[PDB]
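Report on one structure; see the data block that follows.
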Amino acid sequence: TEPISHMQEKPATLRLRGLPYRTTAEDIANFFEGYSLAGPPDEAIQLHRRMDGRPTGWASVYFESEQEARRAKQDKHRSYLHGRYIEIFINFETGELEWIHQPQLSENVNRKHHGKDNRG
Amino acid sequence: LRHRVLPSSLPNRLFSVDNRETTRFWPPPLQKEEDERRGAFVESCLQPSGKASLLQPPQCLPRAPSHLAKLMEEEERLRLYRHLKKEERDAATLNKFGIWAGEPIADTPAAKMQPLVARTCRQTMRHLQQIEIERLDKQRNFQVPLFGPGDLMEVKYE
Amino acid sequence: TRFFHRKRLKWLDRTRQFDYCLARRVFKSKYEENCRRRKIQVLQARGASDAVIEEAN
Amino acid sequence: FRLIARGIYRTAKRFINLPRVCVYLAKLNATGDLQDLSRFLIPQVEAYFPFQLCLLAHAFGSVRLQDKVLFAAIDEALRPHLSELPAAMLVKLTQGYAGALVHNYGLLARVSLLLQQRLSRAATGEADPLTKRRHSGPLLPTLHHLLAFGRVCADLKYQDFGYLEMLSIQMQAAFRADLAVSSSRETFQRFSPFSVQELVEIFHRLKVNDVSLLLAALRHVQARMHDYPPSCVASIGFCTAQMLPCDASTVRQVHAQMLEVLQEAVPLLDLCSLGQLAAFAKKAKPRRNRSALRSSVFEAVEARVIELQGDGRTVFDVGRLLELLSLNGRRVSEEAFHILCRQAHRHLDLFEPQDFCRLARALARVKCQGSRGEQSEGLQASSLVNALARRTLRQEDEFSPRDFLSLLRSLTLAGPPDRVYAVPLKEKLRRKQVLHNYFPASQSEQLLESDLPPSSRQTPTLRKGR
Amino acid sequence: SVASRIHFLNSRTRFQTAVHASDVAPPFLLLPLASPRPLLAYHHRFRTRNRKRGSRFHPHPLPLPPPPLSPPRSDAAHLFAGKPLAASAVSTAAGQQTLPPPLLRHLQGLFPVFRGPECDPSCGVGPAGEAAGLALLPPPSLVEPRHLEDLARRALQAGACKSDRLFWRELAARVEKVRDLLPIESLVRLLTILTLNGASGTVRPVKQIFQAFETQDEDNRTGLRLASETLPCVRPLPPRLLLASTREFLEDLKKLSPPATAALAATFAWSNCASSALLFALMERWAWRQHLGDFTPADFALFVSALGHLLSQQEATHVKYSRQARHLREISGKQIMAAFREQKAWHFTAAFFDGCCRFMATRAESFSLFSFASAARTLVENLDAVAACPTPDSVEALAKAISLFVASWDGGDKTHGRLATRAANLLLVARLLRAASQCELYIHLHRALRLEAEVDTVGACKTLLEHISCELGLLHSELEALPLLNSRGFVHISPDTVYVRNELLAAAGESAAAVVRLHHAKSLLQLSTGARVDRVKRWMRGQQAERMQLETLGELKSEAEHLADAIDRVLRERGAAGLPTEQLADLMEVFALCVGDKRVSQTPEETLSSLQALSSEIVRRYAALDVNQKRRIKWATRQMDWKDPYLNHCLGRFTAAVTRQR
RNA sequence: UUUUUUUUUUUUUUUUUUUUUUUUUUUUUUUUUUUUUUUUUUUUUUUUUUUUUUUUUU
RNA sequence: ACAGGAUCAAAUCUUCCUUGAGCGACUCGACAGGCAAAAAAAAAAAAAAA
């Protein structure tokens with residue numbers, strides 16, 4: 001079986017953030033217990049690190065199918081791990097060009113007559 | 001009767017890191033380091049006695065007297081060869097262009113391959129005061145007594 | 001990469017090795033195939049029938 | 001022409017067909033520029049065509065310019081294309097290496113087997129797949145190509161018994177087929193009188209005694225005697241004499257007839273051919289009257305030498321010639337000796353360590369005979385002696401100690417050189433002796449200012465004049 | 001070195017002898033010892049001054065497809081022409097554009113240009129013209145260290161298709177860069193895969209003993225395939241790789257399993273590269289324990305063979321450099337003046353050899369013909385006859401092993417398959433015979449020399465001579481005929497047949513050597529012992545001595561006669577142009593031995609004929625033979641009263657070490 | 001050119017089959033400092049300007 | 001550049017001539033660096049590895 005990296009079509013995958021320093025493949029594999037993964041831990045779990053080998057706190061986890069992915073997401077959302085809760089996010093698009101639909105920009109703004117805020 | 005070929009001199013003229021003929025001994029100071037290190041490694045690796053050095057990671061090298069003696073020969077040969085080649089090139093260069101690369105004459109950061117910094121400047125300045133103090137202390141024929149504010153003293157000067 | 005590619009292209013051209021029409025056809029075919037696959041997969045995502053898919057594309 | 005050269009150099013990188021200039025340069029003898037072009041040539045080795053590569057290599061090789069960097073690259077590049085190039089291109093590629101003296105036995109081996117397989121295919125009656133539409137040459141080789149390659153091999157010192165085996169067979173068959181011709185119109189079709197010469201030369205150079213082949217060749221020569229130029233015969237005989245036993249009843253018969261023609265045809269011979277003639281005559285073992293043969297040969301060659309005084313292009317074994325002419329107490333004519341001496345100066349660049357010794361011994365034997373005419377001390381060549389001495393001293397690291405000793409002795413006996421060349425030799429001899437532990441039983445200073453040349457102005461001496 | 005090249009150029013007697021194209025081998029190289037290189041690290045700083053200003057994914061150059069043989073069309077209207085194009089041509093014409101399998105399949109149903117033999121619709125075409133498997137893999141450069149072994153193994157399973165060179169070159173480079181990150185065991189497998197790719201489908205030399213794999217039938221009358229592209233003269237692995245990898249093994253030598261060590265030694269051997277440090281380290285680790293026993297019969301042979309092959313050359317090279325070392329040293333004038341005034345085979349550890357011997361002895365029956373032969377022939381190299389040195393016990397062990405093996409051998413079980421395989425088996429049997437011959441001579445000489453101061457081998461030996469006599473006779477008739485030197489217009493000469501012919505002739509020469517040596521071996525037996533020894537030394541050195549007799553053979557006389565008849569029959573119909581150069585004298589000697597007390601063998605031996613052909617070869621090759629051989633021949637000929645105008649011309653006018661002395 | 005006589009035994013042969021030293025197609029290897037923080041990289045420009053060609057000398 | 005050429009031919013180490021002045025000198029040919037982050041009296045200080 002070829003590695004995921006070399007595959008011509010990536011399967012369903014998720015994204016994890018806010019991980020501690022003391023993190024390994026086995027920790028995520030045990031975290032994700034009772035769910036069908038795309039392969040063994042070395043292939044399904046992929047840690048994120050820079051050139052200096054410093055973990056960025058980000059991780060990617062594969063799944064057999066989108067249904068399993070979503071079920072694991074919903075069942076593991078905000079789950080404690082080493083004293084910190086992990087945030088699970090979707091890592092795949094639907095295919096529709098939803099980005100075309102944009103909000104209507106304001107045409108009448110008065111900073112001088114509005115409450116201060118840090119909104120972008 | 002035979003015709004003599006014309007070896008190409010382009011390797012001796014091309015100056016770049018890619019060409020080894022013109023960069024085998026690029027750094028005058030660091031070229032010696034290689035030699036020194038090599039000698040230390042060979043001396044401390046090729047002649048075991050029972051005490052383990054902590055210079056480099058362990059290696060599964062032979063320990064038989066005959067094998068070590070055999071190795072030594074090779075070592076010697078390579079040393080000799082390198083010496084001869086450097087001599088040759090030096091001579092050639094000197095003869096042609098007259099370029100000379102002598103040893104350092106003074107202790108300078110340039111010698112050490114370091115830039116010039118205010119930090120260094122300050123360091124040197126402090127050193128100079130140190131030495132000056134040391135020197136001046138010697139000339140005196142008396143020891144400075146301990147004193148402080150509000151203490152009556154009598155100075156004597158020429 | 002663009003600059004080195006362009007230089008290699010020029011060399012190829014001078015060497016009579018490069019085919020303009022062939023490159024254009026390959027380019028257009030790849031773009032059209034990607035566009036077609038996008039729509040086919042979008043239609044299949046809704047669970048439509050084979051007859052509906054065939055009639056749509 | 002400097003203008004053009006400079007411009008070319010300047011605009012080198014803009015040349016699409018860079019190799020196209022190399023061939024021109026090599027023909028014009030532009031070594032300097034050709035050398036320079038190498039800088040830009042190397043990087044684009046992988047871009048050029050296989051036939052372009054071979055032309056590049058041949059152009060490089062023609063000028064006697066060794067470029068290992070370039071050659072290696074070329075070789076590497078031509079790896080997958082060597083099995084599809086034509087015979088002529090392979091020949092030129094090998095010649096390229098040959099010229100530069102690049103001992104590439106790996107390449108040689110490859111090419112050798114390719115030629116063999118091609119020849120086999122040809123023999124099988126197979127057509128030629130590869131072949132102003134005639135742009136590329138044929139794929140299958142021929143006898144000329146074979147010979148060409150053989151010469152290359154000889155040059156490069158590559159004793160290929162397997163190749164030679166095939167070659168011999170093919171040559172033998174060609175000889176046999178040619179001897180069966182009925183009319184002169186179909187004679188010398190697949191080969192000319194000049195090809196057997198080449199063959200012989202190859203075989204001689206390689207130091208391979210092929211009796212089966214030599215004899216065969218000899219037979220055909222004997223047959224078509226009248227069709228071979230004197231020069232060809234001269235060479236052939238010279239070559240054959242030093243390999244085959246002259247006492248054999250087979251070769252003797254041939255030699256005898258060869259010599260007879262040669263003697264008549266001597267006037268149309270050059271220096272090179274005269275030397276060979278002399279050698280051959282010497283090596284001959286006739287059954288009949290023998291004394292007159294040598295005498296006749298010598299008396300003729302001597303005469304022709306004089307007429308050939310104005311020759312400055314040809315290359316010959318002057319030393320050998322002079323030695324030959326001074327055998328068994330034979331006295332050399334003064335004119336001839338002076339001519340030879342004169343002519344023996346331009347060759348010193350090509351003179352081998354053995355040549356040096358040869359020449360030295362010939363001069364020493366010439367002087368050892370005694371007085372002759374007005375010359376009370378006998379014939380001497382001081383100008384030659386001094387040049388020999390100087391070149392010998394410069395090339396100190398090319399003589400065996402045994403040869404060196406003899407050389408020194410010879411030089412000493414033949415008009416001892418100047419002090420400046422005499423002194424250092426003493427030191428070098430001692431050094432050599434010490435080094436090699438050479439102390440034959442038969443064996444049993446400091447240079448000063450005054451000894452230096454006057455013209456050099458190395459002394460604190462003020463002279464008058466301008 | 002300038003003076004040394006000038007001497008070779010000016011030399012008129014030194015040549016490159018080669019009976020066949022395949023005989024030539026790559027030059028031997030001796031790698032140095034590793035050491036810290038601070039200067040190279042400083043130089044590396046100048047190679048990464050603008051990396052921040054470059055591509056972060058593809059900073060390295062792009063590979064170029066190989067060029068075509070003939071120039072392209074004038075107008076480059078490849079699409080309009082409609083003719084099929086190769087993978088490289090399509091790649092180069094489409095702007096090096098990727099053609100995945102779907103796109104290629106769609107385009108093939110629209111144009112015929114893509115309907116080429118290499119344009120596989122189920123594999124696609126790579127950027128660089130890659131196809132047929134390599135197109136389905138990513139660039140080697142981009143593959144992580146952890147995924148290198150699998151990539152190489154998968155690729156290995158994949159003037160046609162010239163684009164694989166790029167992929168393999170990239171792989172090679174990658175390995176080197178990632179050397180210091182890969183498992184020590186996986187490194188060896190990667191090197192073996194690269195060597196397999198670089199030497200797939202090759203033929204070993206005729207005179208070579210060591211061989212990676214055993215020749216087998218492949219699914220031409222002979223069935224052998226030759227190609228100049230895959231010539232053994234070509235080095236599989238660049239020295240760079242080996243050099244780089246050298247250090248790795250030194251650090252983790254204890255972590256290598258016996259199968260990995262055998263593969264490492266075989267790779268080194270195949271590459272022709274050597275390392276003293278490594279060699280010694282491997283030698284000093286393995287030993288017999290009352291552990292070499294862990295090695296299997298197949299791996300043991302290879303490990304021994306490789307080691308020996310390397311060591312021989314190592315020693316040889318050492319010897320050569322020893323003498324060249326003299327001139328580099330400086331000498332002062334005072335030393336010169338003082339000098340003027342005054343002038344007025346063992347390349348194996350004992351323990352290792354013993355262990356090997358014991359191993360062989362203990363598991364003789366577990367070995368096969370090829371392995372056994374290979375192992376035996378290697379170990380016999382140390383045993384010589386001039387007289388640390390191995391022991392009689394050690395030699396006896398190997399003798400016993402040989403005996404056992406011979407007794408337990410089946411004697412052919414493949415039903416006489418391909419002719420090349422049968423010839424190789426015959427040569428292996430001859431090798432075995434050779435080994436057997438040498439052991440006895442060493443033992444006997446030792447004993448006889450030692451005695452002065454103060455195992456049934458022949459029974460097993462007798463069968464090999466009969467088997468060789470039968471097999472050589474069968475194969476001579478089964479092989480096709482070829483022209484003889486001695487006797488479209490072109491002679492048909494297939495290069496593929498001379499190879500097997502030379503193999504058969506080499507086996508015959510081996511047997512002739514062995515039987516010759518046996519004579520001495522036997523003759524050494526109790527004239528005084530010293531006298532006997534002297535006689536044997538005379539014989540071996542090529543000196544005036546007593547005439548050689550055949551009766552001393554005794555039980556082996558009939559087998560010797562049969563062998564002589566077999567070689568006579570072979571040479572009477574196949575000339576003497578395929579005989580080995582290193583065993584020429586033996587073939588002469590064996591006939592001199594046969595000429596004694598004769599009844600009818602005088603007429604067949606002349607004294608075209610075998611003798612004549614032999615002479616014809618001798619004369620031909622006189623420029624290659626050694627002084628030992630020349631003296632031996634000179635005496636042998638005299639013995640038999642062989643008169644030849646040609647041979648006598650060369651025996652007295654073309655050498656100085658023999659003719660210019662008495 | 002047979003019989004016979006004379007000279008020469010790796011030291012000087014009536015002469016280079018001739019005496020010495022091929023690394024040869026390959027002289028090829030990443031140092032120091034460093035408990036812990038921060039920008040380590042994000043983007044673009046640049047070399048073929050010829051008539052490749054009068055296609056590679058059977 | 002000892003690169004080319006002449007001569008009855010050079011101390012080791014080119015007797016003499018040509019290269020217009022060997023492209024003003026050296027050097028490079030994947031050569032060279034505008035903008036951003038950070039730092040920043042001029043100026044200097046970062047090897048590559050998300």
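Each chain in the structure tokens gets a letter, A, B, ..., in the order shown, and its residues are numbered from 1; ligands are numbered from 1 in order too.
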Worksheet item: Skipping near chain neighbours, those fewer than 3 positions away, what residues fall within 10 Å of segment 14-20 of chain F using only C-alpha atoms (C1' of nucleotides), listed as a PyMOL selection string?
Response: (chain D and resi 207+320+324+327-328+354-355+357-358+397-403+436) or (chain E and resi 4+7+12-13+622-623+650+653-657) or (chain F and resi 10)
Item to complete: Show me which bits of chain D are within 6 Å of chain E, counting only C-alpha atoms, as a PyMOL selection string.
Response: chain D and resi 106+109-110+120+123+157-162+208-210
Residue selection dump (C-alpha atoms) as a PDB file, in the first residue's frame:
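part.pdb, freshly written:
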ATOM      1  CA  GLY D 106      36.296   0.700 -21.003  1.00  0.00           C
ATOM      2  CA  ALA D 109      36.104  -2.695 -25.046  1.00  0.00           C
ATOM      3  CA  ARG D 110      32.599  -1.519 -25.778  1.00  0.00           C
ATOM      4  CA  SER D 120      28.489 -10.644 -37.656  1.00  0.00           C
ATOM      5  CA  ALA D 123      28.092 -11.496 -42.590  1.00  0.00           C
ATOM      6  CA  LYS D 157      48.395   0.100 -26.307  1.00  0.00           C
ATOM      7  CA  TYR D 158      45.335  -2.179 -26.200  1.00  0.00           C
ATOM      8  CA  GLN D 159      46.246  -5.768 -27.074  1.00  0.00           C
ATOM      9  CA  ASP D 160      42.890  -7.206 -28.187  1.00  0.00           C
ATOM     10  CA  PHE D 161      43.484 -10.813 -29.188  1.00  0.00           C
ATOM     11  CA  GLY D 162      39.796 -11.343 -29.756  1.00  0.00           C
ATOM     12  CA  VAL D 208      51.964  -9.832 -32.067  1.00  0.00           C
ATOM     13  CA  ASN D 209      53.491 -12.567 -34.247  1.00  0.00           C
ATOM     14  CA  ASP D 210      50.752 -13.693 -36.643  1.00  0.00           C
TER      15      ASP D 210
END
Practice prompt. Write out as a VMD selection string all residues of segment 374-466 of chain D that backbone DSSP assigns to helix (DSSP H, G or I).
Written response: chain D and resid 382 to 394 396 to 398 401 to 413 419 to 436 441 to 443 449 to 451
Item to complete: Would you mind listing what lies within 10 Å of residue 6 of chain A as a list in words, with only C-alpha atoms (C1' of nucleotides) counted and same-chain residues fewer than 5 positions away left out?
Response: residues 136, 137, 138 and 143 of chain E
Residue selection dump (N, CA and C atoms) as a PDB file, in the first residue's frame:
ATOM      1  N   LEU E 136       4.686   6.417 -12.426  1.00  0.00           N
ATOM      2  CA  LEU E 136       3.736   6.357 -11.324  1.00  0.00           C
ATOM      3  C   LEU E 136       4.371   6.666  -9.976  1.00  0.00           C
ATOM      4  N   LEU E 137       5.665   6.991  -9.946  1.00  0.00           N
ATOM      5  CA  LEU E 137       6.361   7.296  -8.707  1.00  0.00           C
ATOM      6  C   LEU E 137       6.765   8.766  -8.668  1.00  0.00           C
ATOM      7  N   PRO E 138       6.863   9.360  -7.482  1.00  0.00           N
ATOM      8  CA  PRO E 138       7.284  10.759  -7.385  1.00  0.00           C
ATOM      9  C   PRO E 138       8.790  10.882  -7.524  1.00  0.00           C
ATOM     10  N   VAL E 143      11.207  12.312  -1.816  1.00  0.00           N
ATOM     11  CA  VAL E 143      10.784  11.213  -0.956  1.00  0.00           C
ATOM     12  C   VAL E 143      11.557  11.284   0.355  1.00  0.00           C
TER      13      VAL E 143
END
Determine, for each residue of chain D having at least one atom at most 10 Å from an atom of chain C, the closest pair of atoms and their separation in Å to one decimal, counting only C-alpha atoms; order by chain and ascending number, as CSV.
residue,atom,partner,partner_atom,distance
D:16,CA,C:14,CA,8.0
D:17,CA,C:15,CA,9.7
D:47,CA,C:11,CA,9.4
D:48,CA,C:15,CA,9.7
Resulting file, chosen residues, N, CA and C atoms, as a compact mmCIF listing (two decimals), in the first residue's frame:
# COMPACT_ATOMS: atom_id res chain seq x y z
N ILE D 16 24.57 29.27 -30.45
CA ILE D 16 23.68 28.11 -30.32
C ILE D 16 24.44 26.82 -30.63
N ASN D 17 25.12 26.77 -31.75
CA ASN D 17 25.94 25.72 -32.24
C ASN D 17 27.39 25.94 -31.89
N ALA D 47 23.24 18.65 -23.73
CA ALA D 47 22.40 19.32 -24.64
C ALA D 47 22.67 19.09 -26.10
N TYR D 48 23.89 18.90 -26.49
CA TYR D 48 24.35 18.65 -27.80
C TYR D 48 23.96 17.27 -28.28
Worksheet item: Distance atom CA of residue 6 of chain D-atom CA of residue 19 of chain D, one decimal place?
Response: 17.1 Å
Discussion item. Neighbouring residues of residue 237 of chain D were defined as those with any atom within 12 Å, considering only C-alpha atoms (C1' of nucleotides); residues of the same chain fewer than 6 positions away were excluded. Please report them as a ChimeraX atom specification.
Written reply: /D:196-197,200-201,204,214-215,217-218,221-222,230-231,243-244,246,251-252,254-259,261-262,273,276-284
Those residues you just picked out, can you put them in a file as a CSV table (one decimal), in the first residue's frame with N, CA, C and O atoms?
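New file out-v8.csv:
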chain,number,residue,atom,x,y,z
D,196,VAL,N,47.4,-3.1,-46.6
D,196,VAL,CA,48.3,-4.1,-46.1
D,196,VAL,C,49.4,-3.5,-45.3
D,196,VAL,O,49.8,-4.0,-44.3
D,197,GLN,N,49.9,-2.3,-45.7
D,197,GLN,CA,50.9,-1.6,-45.0
D,197,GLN,C,50.4,-1.2,-43.6
D,197,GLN,O,51.1,-1.4,-42.6
D,200,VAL,N,50.1,-4.4,-41.4
D,200,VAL,CA,51.4,-4.8,-41.0
D,200,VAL,C,52.0,-3.9,-39.9
D,200,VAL,O,52.5,-4.3,-38.9
D,201,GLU,N,51.8,-2.6,-40.0
D,201,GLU,CA,52.1,-1.6,-39.1
D,201,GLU,C,51.5,-1.8,-37.7
D,201,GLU,O,52.1,-1.8,-36.7
D,204,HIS,N,52.9,-5.0,-36.1
D,204,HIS,CA,54.2,-4.8,-35.7
D,204,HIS,C,54.3,-3.9,-34.4
D,204,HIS,O,55.1,-4.2,-33.5
D,214,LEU,N,50.9,-12.9,-41.9
D,214,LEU,CA,52.1,-12.4,-42.4
D,214,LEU,C,52.5,-13.1,-43.7
D,214,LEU,O,52.7,-12.5,-44.7
D,215,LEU,N,52.5,-14.4,-43.7
D,215,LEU,CA,52.8,-15.2,-44.8
D,215,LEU,C,51.8,-15.1,-45.9
D,215,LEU,O,52.1,-15.0,-47.1
D,217,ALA,N,49.9,-12.4,-46.5
D,217,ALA,CA,50.2,-11.1,-47.0
D,217,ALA,C,51.4,-11.1,-47.9
D,217,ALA,O,51.4,-10.5,-49.0
D,218,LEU,N,52.5,-11.7,-47.6
D,218,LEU,CA,53.7,-11.9,-48.3
D,218,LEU,C,53.4,-12.6,-49.6
D,218,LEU,O,54.0,-12.2,-50.7
D,221,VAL,N,51.7,-10.1,-52.0
D,221,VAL,CA,52.7,-9.2,-52.4
D,221,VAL,C,53.5,-9.7,-53.5
D,221,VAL,O,53.8,-9.1,-54.5
D,222,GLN,N,54.0,-10.9,-53.3
D,222,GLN,CA,54.8,-11.7,-54.3
D,222,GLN,C,54.1,-11.8,-55.6
D,222,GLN,O,54.6,-11.6,-56.7
D,230,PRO,N,57.2,1.4,-54.6
D,230,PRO,CA,58.4,1.1,-53.9
D,230,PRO,C,58.4,1.4,-52.4
D,230,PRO,O,58.9,0.6,-51.6
D,231,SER,N,57.8,2.4,-52.0
D,231,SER,CA,57.6,2.9,-50.7
D,231,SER,C,56.9,1.9,-49.8
D,231,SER,O,57.3,1.6,-48.7
D,243,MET,N,60.3,-9.5,-37.6
D,243,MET,CA,59.3,-10.4,-37.0
D,243,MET,C,59.6,-11.8,-37.4
D,243,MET,O,59.8,-12.7,-36.6
D,244,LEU,N,59.5,-12.1,-38.7
D,244,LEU,CA,59.7,-13.4,-39.3
D,244,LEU,C,61.1,-13.8,-39.3
D,244,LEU,O,62.0,-13.0,-39.4
D,246,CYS,N,64.3,-14.7,-41.0
D,246,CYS,CA,64.9,-14.5,-42.4
D,246,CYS,C,65.5,-15.8,-42.9
D,246,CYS,O,65.6,-15.9,-44.1
D,251,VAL,N,60.1,-16.9,-46.7
D,251,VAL,CA,60.3,-15.5,-46.6
D,251,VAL,C,61.5,-15.0,-47.3
D,251,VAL,O,61.6,-13.8,-47.8
D,252,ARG,N,62.5,-15.8,-47.4
D,252,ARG,CA,63.7,-15.5,-48.1
D,252,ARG,C,63.5,-15.2,-49.5
D,252,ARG,O,64.1,-14.3,-50.1
D,254,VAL,N,60.9,-14.1,-51.0
D,254,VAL,CA,60.2,-12.9,-51.1
D,254,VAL,C,61.1,-11.7,-50.9
D,254,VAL,O,61.1,-10.7,-51.6
D,255,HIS,N,61.9,-11.7,-49.9
D,255,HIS,CA,62.9,-10.7,-49.5
D,255,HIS,C,63.9,-10.5,-50.6
D,255,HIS,O,64.2,-9.3,-51.0
D,256,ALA,N,64.4,-11.5,-51.2
D,256,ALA,CA,65.3,-11.5,-52.3
D,256,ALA,C,64.8,-10.7,-53.5
D,256,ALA,O,65.4,-9.8,-54.1
D,257,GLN,N,63.5,-11.0,-53.9
D,257,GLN,CA,62.9,-10.3,-54.9
D,257,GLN,C,62.5,-8.8,-54.6
D,257,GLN,O,62.7,-8.0,-55.4
D,258,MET,N,62.1,-8.6,-53.4
D,258,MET,CA,61.8,-7.3,-52.9
D,258,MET,C,63.0,-6.3,-53.0
D,258,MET,O,62.9,-5.2,-53.5
D,259,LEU,N,64.1,-6.8,-52.5
D,259,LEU,CA,65.4,-6.1,-52.5
D,259,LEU,C,65.8,-5.7,-53.9
D,259,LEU,O,66.3,-4.6,-54.2
D,261,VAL,N,63.9,-5.0,-56.6
D,261,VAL,CA,63.1,-4.0,-57.0
D,261,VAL,C,63.4,-2.7,-56.3
D,261,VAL,O,63.5,-1.6,-56.9
D,262,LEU,N,63.7,-2.8,-55.0
D,262,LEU,CA,64.0,-1.7,-54.2
D,262,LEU,C,65.3,-1.0,-54.6
D,262,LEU,O,65.3,0.3,-54.7
D,273,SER,N,62.0,6.4,-46.2
D,273,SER,CA,62.1,5.1,-47.0
D,273,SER,C,63.5,4.7,-47.1
D,273,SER,O,63.8,3.4,-47.1
D,276,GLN,N,64.6,2.8,-43.8
D,276,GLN,CA,63.9,1.5,-43.8
D,276,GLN,C,64.6,0.6,-44.8
D,276,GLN,O,64.8,-0.6,-44.5
D,277,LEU,N,65.0,1.0,-45.9
D,277,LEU,CA,65.7,0.3,-46.9
D,277,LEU,C,67.0,-0.2,-46.4
D,277,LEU,O,67.4,-1.3,-46.5
D,278,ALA,N,67.8,0.7,-45.8
D,278,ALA,CA,69.0,0.4,-45.1
D,278,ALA,C,68.9,-0.7,-44.1
D,278,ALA,O,69.6,-1.7,-44.0
D,279,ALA,N,67.9,-0.6,-43.2
D,279,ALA,CA,67.6,-1.5,-42.2
D,279,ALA,C,67.2,-2.8,-42.7
D,279,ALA,O,67.7,-3.9,-42.2
D,280,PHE,N,66.4,-2.9,-43.7
D,280,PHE,CA,66.0,-4.1,-44.4
D,280,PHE,C,67.1,-4.8,-45.0
D,280,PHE,O,67.3,-6.0,-44.9
D,281,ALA,N,68.0,-4.1,-45.7
D,281,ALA,CA,69.2,-4.6,-46.3
D,281,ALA,C,70.1,-5.2,-45.3
D,281,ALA,O,70.6,-6.3,-45.5
D,282,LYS,N,70.3,-4.6,-44.2
D,282,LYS,CA,71.1,-5.1,-43.1
D,282,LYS,C,70.5,-6.4,-42.5
D,282,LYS,O,71.2,-7.3,-42.2
D,283,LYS,N,69.2,-6.4,-42.3
D,283,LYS,CA,68.5,-7.5,-41.7
D,283,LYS,C,68.3,-8.7,-42.7
D,283,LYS,O,68.0,-9.8,-42.2
D,284,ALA,N,68.5,-8.6,-44.0
D,284,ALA,CA,68.3,-9.5,-45.0
D,284,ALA,C,69.3,-10.7,-44.8
D,284,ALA,O,70.4,-10.5,-44.3
Worksheet item: Mind listing as a PyMOL selection string which residues of chain B are within 10 Å of chain F, counting only C-alpha atoms (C1' of nucleotides)?
Response: chain B and resi 20+78+82
Worksheet item: Could you pull the residues within 12 Å of segment 32-37 of chain F, counting only C-alpha atoms (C1' of nucleotides), minus those fewer than 6 positions along the same chain, as number ranges by chain?
Response: E: 38-39, 41-42
Discussion item. I want to know what sits within 12 Å of residue 2 of chain C, based on only C-alpha atoms (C1' of nucleotides), with residues of the same chain fewer than 6 positions away left out; could you give that as a count of residues only?
Written reply: 10
Practice prompt. Using only C-alpha atoms (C1' of nucleotides), determine which residues lie at most 10 Å from residue 70 of chain A, disregarding the query and same-chain residues fewer than 2 positions distant; provide the list as a count of residues only.
Written response: 16
Worksheet item: Counting only C-alpha atoms (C1' of nucleotides), which residues of chain E come no farther than 8 Å from chain G, as a ChimeraX atom specification?
Response: /E:44-46,48-49,51
Practice prompt. Taking only C-alpha atoms into account, report as number ranges by chain which residues of chain C lie within 12 Å of chain E.
Written response: C: 1-34, 37
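Distance criterion 12 Å to chain G, applied with only C-alpha atoms (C1' of nucleotides), yields residues 48, 49, 50, 51, 52, 53, 54, 55 and 56 of chain A on chain A.
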Item to complete: Using only C-alpha atoms (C1' of nucleotides), find the residues of chain D whose closest atom to chain F is at most 7 Å away, then write them as number ranges by chain.
Response: D: 14, 16, 51, 72, 104, 135-136, 287, 354, 400, 440-442
Counting only C-alpha atoms, which residues of chain D sit at most 7 Å from some atom of chain B, and what is each one's closest atom pair with its distance in Å to one decimal, listed by chain and rising residue number, as JSON lines?
{"residue": "D:64", "atom": "CA", "partner": "B:5", "partner_atom": "CA", "distance": 5.3}
{"residue": "D:65", "atom": "CA", "partner": "B:6", "partner_atom": "CA", "distance": 5.2}
{"residue": "D:66", "atom": "CA", "partner": "B:7", "partner_atom": "CA", "distance": 5.1}
{"residue": "D:67", "atom": "CA", "partner": "B:8", "partner_atom": "CA", "distance": 6.0}
{"residue": "D:100", "atom": "CA", "partner": "B:5", "partner_atom": "CA", "distance": 6.6}
{"residue": "D:350", "atom": "CA", "partner": "B:1", "partner_atom": "CA", "distance": 5.2}
{"residue": "D:351", "atom": "CA", "partner": "B:1", "partner_atom": "CA", "distance": 5.8}
{"residue": "D:352", "atom": "CA", "partner": "B:1", "partner_atom": "CA", "distance": 6.2}
